[PDB]
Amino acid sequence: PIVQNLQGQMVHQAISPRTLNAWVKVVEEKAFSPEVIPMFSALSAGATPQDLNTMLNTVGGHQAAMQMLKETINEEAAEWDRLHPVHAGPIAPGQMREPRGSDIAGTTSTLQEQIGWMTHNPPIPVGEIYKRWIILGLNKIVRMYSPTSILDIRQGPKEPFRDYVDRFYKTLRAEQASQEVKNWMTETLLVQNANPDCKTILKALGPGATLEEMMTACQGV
């Protein structure tokens, strides 16, 4: 990675053994549960493309998912090239060549070139660009690998309201719909698919009640 050291300057160092192991274990334990994605982001903080590739390549198994991720990365890289066409010419002293998509994904660039772009003035944050592309691919996999739909989450007749809400928001997190759609699902389905007793009590609260108030309302039900 690259980190702001104890002077304010930015410097390169290798990924720590513990970071590597943490990432490998996360994938082994949690597979593609939604919380894996922010764990990926945290563990890859300040990463170069080489560092990000290291993390992805250290995964054994799940090679359908890793292949899907590769294809998503290829799509993003091709899009980058279209928007940012590389201009032919000899690179001047004290200047970096313009990165292609494959340079951003770390397949046709060296570590020094990556370091060159990331610490340039102005910086070309190639690590953060690639990480954006990776996270897009991870989101696609999390959706793909989710078993349930939000339309199927229904409160059981003896089910504590808190457990139903836990299942509701777990499933919602895996859905790849925008925030406005997620707001509608919260506004519409949560109360609609609650059990008869709770549902009546929540209808009586009326529009605009908080989740806290809803959970306190259906607590002894």
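Numbers follow the displayed sequence, beginning with 1.
Just going by the entry, 89 to 97 versus 67 to 75 on mean CA temperature factor gives the higher value to 89 to 97. Stretches compared: 166 to 174, 186 to 194. Higher mean C-alpha B-factor in the entry: 186 to 194. For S16, the recorded CA B-factor ranks within the highest third of the chain. Only modelled residues enter the ranking. Among all modelled residues in its chain, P125 ranks in the middle third by Cα B-factor. For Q114, the recorded CA B-factor ranks within the middle third of the chain. Only modelled residues enter the ranking.
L83: CA B factor lies in the highest third for its chain, per the PDB record. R154 sits in the middle third of its chain by CA B factor, as recorded in the PDB entry.
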